[PDB]
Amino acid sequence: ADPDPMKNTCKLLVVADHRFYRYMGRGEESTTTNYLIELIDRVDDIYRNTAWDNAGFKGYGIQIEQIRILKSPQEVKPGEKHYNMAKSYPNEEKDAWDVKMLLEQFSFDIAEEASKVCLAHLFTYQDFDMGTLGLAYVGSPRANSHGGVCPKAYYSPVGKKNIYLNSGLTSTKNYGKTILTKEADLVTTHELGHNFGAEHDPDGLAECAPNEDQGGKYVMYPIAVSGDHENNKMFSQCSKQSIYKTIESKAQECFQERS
């Protein structure tokens, strides 16, 4: 039962849309790719060091399998929408999409690709309302659940095709600024945390949402952590129970060796 290493890695499709390309990668393929390679690796460090059952079940994490860089916005006909299109939807006045809407759109458009990988993830640069940084579908052990690690076919029927909810997204813009790289790390940690099966930490449970002199909140706190408190970049026990339940199962399903 011990961690069969041949299956300890969730492989990622990483997608940078033209916004991220323009404003984070400075309109360069190289600068864009290296940002994302370095980020996923740093996030992997946190996952792989996490002992999900507080015992031997550790050394699990993520690794990029494919990077997609969309250097320009997606041509689109009136009526049409696409996650990489130049205008925000629904309200085209805003800097950004409605985030739920965005994650849906991306899940539609990237369907074919997502089928080939444990998770697909969009990195974008837009200023979602209310300090929203990203979103992702929560994974589950349940044989028939939708969302999270491991592609599992679902028929929409908003889109009229199979989609996989093994997805989530990260935005590196918040309240009119590029967020710090130490903040991006945590946004993606947390968004991938949802994929891996974690819910937000309950505000009540003192143990999984500690005070500042206890080390502060953990990474699955619903409100963004500032990042400097001891607990900020770590998973709470709540998160570990939820994720262990999902992983213990889903790992056999689609996790792989490091490639």
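In this text, residue numbers run from 1 along the sequence as written. C-alpha atoms forming the largest set that superposes within 1.5 Å between two forms make up the rigid core.
In summary, of the stretches 186 to 194 and 53 to 61, 53 to 61 shows the greater Cα distance from the shown form in 4 other deposited structures of this protein, with structures fitted on the rigid core. Take 201 to 209 and 227 to 235, fit the other structures onto the shown form by the rigid core, and average the C-alpha distances in 4 other deposited structures of this protein: the farther stretch is 201 to 209. As the entry records it, the average C-alpha temperature factor is higher for 19 to 27, out of 19 to 27 and 235 to 243. Between 66 to 74 and 195 to 203, it is 66 to 74 that carries the larger average Cα temperature factor according to the deposited entry. Between the residues 189, 145, 174, 115, it is 145 that shows the highest Cα B-factor in the PDB record. Comparing C-alpha B-factors across 180, 133, 120, 85 in the deposited entry, the largest value falls on 85.
When the CA B factors of the chain's modelled residues are split into thirds, the value for residue 139 lands in the middle one. Among the modelled residues of its chain, residue 151 has a C-alpha B-factor that falls in the middle third, as given in the PDB entry. Ranked against the other modelled residues of its chain, the C-alpha B-factor of residue 213 as given in the entry falls in the highest third. The entry lists a Cα temperature factor for residue 91 that places it in the highest third of the chain's modelled residues. Per the PDB record, residue ranking by Cα B-factor puts residue 185 in the lowest third of the chain.
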